[PDB]
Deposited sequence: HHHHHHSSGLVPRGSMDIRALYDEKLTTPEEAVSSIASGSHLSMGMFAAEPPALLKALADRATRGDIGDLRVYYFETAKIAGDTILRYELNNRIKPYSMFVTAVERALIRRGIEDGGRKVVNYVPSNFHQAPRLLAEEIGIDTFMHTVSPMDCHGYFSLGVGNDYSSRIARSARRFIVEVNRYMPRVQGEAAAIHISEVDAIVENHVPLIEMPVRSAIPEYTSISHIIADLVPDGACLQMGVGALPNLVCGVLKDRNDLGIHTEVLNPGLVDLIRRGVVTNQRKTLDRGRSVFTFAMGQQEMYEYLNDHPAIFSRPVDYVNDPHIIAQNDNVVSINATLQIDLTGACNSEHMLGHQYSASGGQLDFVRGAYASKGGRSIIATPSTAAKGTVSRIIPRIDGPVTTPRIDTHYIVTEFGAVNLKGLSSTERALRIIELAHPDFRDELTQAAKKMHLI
């Protein structure tokens, strides 16, 4: 009942906060900007001093904060990274491990992001959860801010929950987004700016792509949008629209701009009418500040947002994702869970469209991103692909034969490669 008394009792230093984490246990943390830099530096220091060991850390969407501290290659023998998604940080480790006599240093845990809450809480189990939070409000609640995802579940299921208060973390309204002090085991404070998503340059091809994509977005569309230069530009094209909605996996600066412009009203959604729904947020300082106390933005846990069945309840969903390669069948590959939840959900939505877009080439036009056959596991299976788009147009693949697929996909390739690809298709018997 005395919230200022509980806060003072629980408030401590980063060093002391992480000091009681058991060796040989399971720890998890928020995603990206949610990762708590002061707590993680102190924990990394505990390993450096040889005072903790055999600590498994299970997580998604790592940022420079985790990579610079606990995930640093030298602590790999004491803090074991159990990544459930592989980003730039793990790729760097993976390469280092290969060069060190094919040593294994990342313990990839295959999973569905939409199942993360259940996997972490039930099959795996998380003993300690750490997350950056907004400042306590006058009723005693902290907000997970940029993060909802699996965090709102694991913050509660973990045997200890440690928070890092940071005034740069927006106070976001959402389902289980708010956590009462009575539910927090320790508090440290570190007011420092949130980590930013790098702003990436627009290549020329995105212009034609954004216009091709934009023709495929109807009024009343309910947007889900990934990150990058391409989706931002698309958001740029949609500024003249009206009455759009948002139900997105990640909330990004392009989408927020449409909110700021009054383009997104959410009045045509079936679920969460009136509110922009997302499961975690990434962007730049201007966007992070804008989320603070916004009543028309509402974070929800990932097992809700990325449930394809939930997605489909909104009419006219448009899912826009990027990929690196598309093959002649055409399966798509985004590497070299998130996305796939929305491909399925958007197709299921009434009037819904799933769009996957890529420029037709890479490397100053020397490499085709339209290829004969993806190498190994794919991102988007060919049975799920709906609409693909390059600077040369768009194709809806649903119901097309293998031959019809190969022929139409080749026509989206750069002219320099159509002859080469046509030959490959006959050799593969796609014809």
Spell out the unmodelled ranges of the deposited sequence for me, N- to C-terminal, numbering from the first residue.
1-15, 352-360
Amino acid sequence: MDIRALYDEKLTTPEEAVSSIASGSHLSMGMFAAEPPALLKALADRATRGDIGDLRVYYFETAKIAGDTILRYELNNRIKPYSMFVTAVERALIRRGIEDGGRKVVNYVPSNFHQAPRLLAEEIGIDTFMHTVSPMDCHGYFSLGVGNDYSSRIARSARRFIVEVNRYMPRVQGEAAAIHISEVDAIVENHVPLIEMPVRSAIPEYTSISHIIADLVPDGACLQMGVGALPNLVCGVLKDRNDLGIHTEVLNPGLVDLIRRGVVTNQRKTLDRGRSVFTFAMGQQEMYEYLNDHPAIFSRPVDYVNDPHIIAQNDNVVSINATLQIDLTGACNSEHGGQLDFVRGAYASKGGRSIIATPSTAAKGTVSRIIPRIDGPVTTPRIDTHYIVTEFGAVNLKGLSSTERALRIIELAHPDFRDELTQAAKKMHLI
From here on, numbers count along this sequence of modelled residues.
Mean CA temperature factor from the deposited coordinates, higher in 302-310 or in 262-270?
262-270
Do the CA atoms of 44-52 or those of 26-34 have the higher mean B-factor in the entry?
44-52
Select one of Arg353, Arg153, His114, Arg241: the residue whose C-alpha shows the highest B-factor in the crystal structure entry.
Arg241
Take the CA temperature factors straight from the PDB entry and tell me which of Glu175, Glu189, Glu99, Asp149 peaks.
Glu99
Is the Cα B-factor recorded for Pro198 in the lowest, middle or highest third of its chain?
highest
How does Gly67 rank on Cα B-factor within its chain, lowest, middle or highest third?
middle
By the record's CA B-factor, is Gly254 among the lowest, middle or highest third of residues in the chain?
lowest
Going by what the PDB entry lists, where does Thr380 fall on CA B-factor within its chain: lowest, middle or highest third?
middle
So where's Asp215 on the chain's Cα temperature factor ranking, which third?
highest
